[PDB]
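*Asks:* Just the structure for this:
(chains A, B and C)
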Amino acid sequence: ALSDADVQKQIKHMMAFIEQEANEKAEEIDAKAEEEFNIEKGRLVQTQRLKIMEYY
Amino acid sequence: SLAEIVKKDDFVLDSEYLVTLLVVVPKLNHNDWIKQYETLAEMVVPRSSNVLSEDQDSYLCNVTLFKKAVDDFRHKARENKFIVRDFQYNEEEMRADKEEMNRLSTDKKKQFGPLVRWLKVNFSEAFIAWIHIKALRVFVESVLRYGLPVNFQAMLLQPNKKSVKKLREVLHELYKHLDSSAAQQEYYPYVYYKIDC
Amino acid sequence: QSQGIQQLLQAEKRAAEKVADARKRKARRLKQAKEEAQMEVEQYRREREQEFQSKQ
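*Replies:* Residues are numbered from 1 along each chain as shown, chains lettered A, B, ... in the order given. You can find the structure just below:
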């Protein structure tokens, strides 16, 4: 009792919706990757730097 | 139970984003559901619906839809007077249940065979014991009633139909005149016990 | 059933790719973060060593 266009559009929406969620998660992941990058670099560089200073 | 109703082949398993709901639709709204369910929620997959089973009062149908729409579908289904069950297909649970059913059925019959053979034997033995113990009862009562020696005239009587009057008459005359007025439920000329068989 | 299945399979593929790719990037950025931090603190060490030697 529905035409091909009505359901076809809804199927297209469902798929795009899922792709959009995956895209948003990917963006969140890269932002966090940048945060973890900076966190690890800061922690490591300061820890080693401290060891160097105490050494000398 | 859906165990005998639902098949593995009715569901999309390990789906990324879909959930399957089961809806029991009144017969009068069967065709209505087939159409109406489409508009009960947003983000419904086209032509995914089907009929999973039928009954005389209602039909059982499955629907696959976005996880987040589970709440909306059920609500609108309630609004349209459909009963929607949240059933997550579980191959292991359904099989486990069928195995337990068959195992208990098998064990019940297996025990039954020997059960009843044993009981039939033990009950016969119990009946014989009933006979022996009451023959002793009658023995000692006969001794108590008459004294010694122990040679008494003991008979097992199988009455004739409607003969109980005559039987009482004949046994009364037979023994009453030989002993005393001292001895029914209490006083009978002989030892007498009823065998209920 | 086959239309909904193909659609959800496509949405699953794209979503999975999106998050797996961001996860991979996070891991890569963290390793990069460590190498750059290491290079800086090693340069710092060398310079402090030169000062040390000068001082001795």
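
*Asks:* Helix or strand: which one has the residue in chain A positioned nearest to chain B?
*Replies:* Of chain A, the residue with the smallest distance to chain B, taken as CB to the nearest CB, is residue A:7 at 2.9 Å. (C-beta placed from N, C-alpha, C; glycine too.) Using DSSP states H and E, the secondary-structure element containing residue A:7 is helix A:4-55.

*Asks:* quick one: is that helix near chain C?
*Replies:* Yes - residues of helix A:4-55 are located near chain C by CB under 8 Å from any CB of the partner chain, namely A:11, A:14-15, A:17-19, A:21-23, A:25-30, A:32-34, A:36-38, A:40-42, A:44-45, A:48-49, A:52-53.

*Asks:* So which residue is smack in the middle of chain C?
*Replies:* residue C:29 (1.7 Å; CA atoms, centre = their mean).

*Asks:* Tell me if I'm right that that one and residue A:37 touch.
*Replies:* Yes - when contacts are counted by CB atoms under 8 Å, residue C:29 is listed as touching residue A:37 (4.2 Å).

*Asks:* Flag every residue of chain B that's near chain A.
*Replies:* The interface of chain B toward chain A, taken as CB under 8 Å from any CB, is made up of B:16-17, B:35, B:38, B:43-47, B:66.

*Asks:* typo on my end, it should be chain C
*Replies:* With the criterion set to CB under 8 Å from any CB, chain C comes near chain A through C:3-4, C:7-8, C:10-12, C:14-19, C:21-23, C:25-30, C:32-34, C:36-38, C:40-41, C:44-45, C:48-49, C:52.

*Asks:* Confirm residue B:136 sits in a helix?
*Replies:* Yes - inclusion of residue B:136 in a helix is indicated when DSSP: H, G, I helix; E, B strand; the rest coil is applied.

*Asks:* Any idea how many residues pack against it?
*Replies:* Per other CB atoms under 10 Å in any protein chain shown, the neighbour tally for residue B:136 reads 10.

*Asks:* can you tell me how far it sits from residue B:154?
*Replies:* In this structure, residue B:136 and residue B:154 are separated by 12 Å, where distance is defined by CB to CB, to the nearest Å.

*Asks:* ok, now residue C:18?
*Replies:* Applying CB to CB, the value for residue C:18 to residue B:154 is 102 Å.

*Asks:* who has more neighbours, the two?
*Replies:* For the pair residue C:18 and residue B:154, the greater number of neighbours falls to residue C:18 (21 against 11), based on other CB under 10 Å.

*Asks:* For the helix or strand hosting that one, name the packing helices and strands.
*Replies:* Applying DSSP H and E as the criterion places residue C:18 in helix C:2-55. In terms of contact count using 3 or more CB pairs under 8 Å, 6 or more residues apart in numbering or on different chains; DSSP states H and E, helix C:2-55 is assigned the packing partners helix A:4-55.

*Asks:* starting at the chain centroid, how far to the helix it packs on?
*Replies:* Between the centre of helix A:4-55 and the centre of its chain there are 2 Å (CA atoms, centre = their mean, to the nearest Å).

*Asks:* part of a helix, is residue B:143?
*Replies:* Yes - looking at residue B:143 with three-state DSSP, it is inside a helix.
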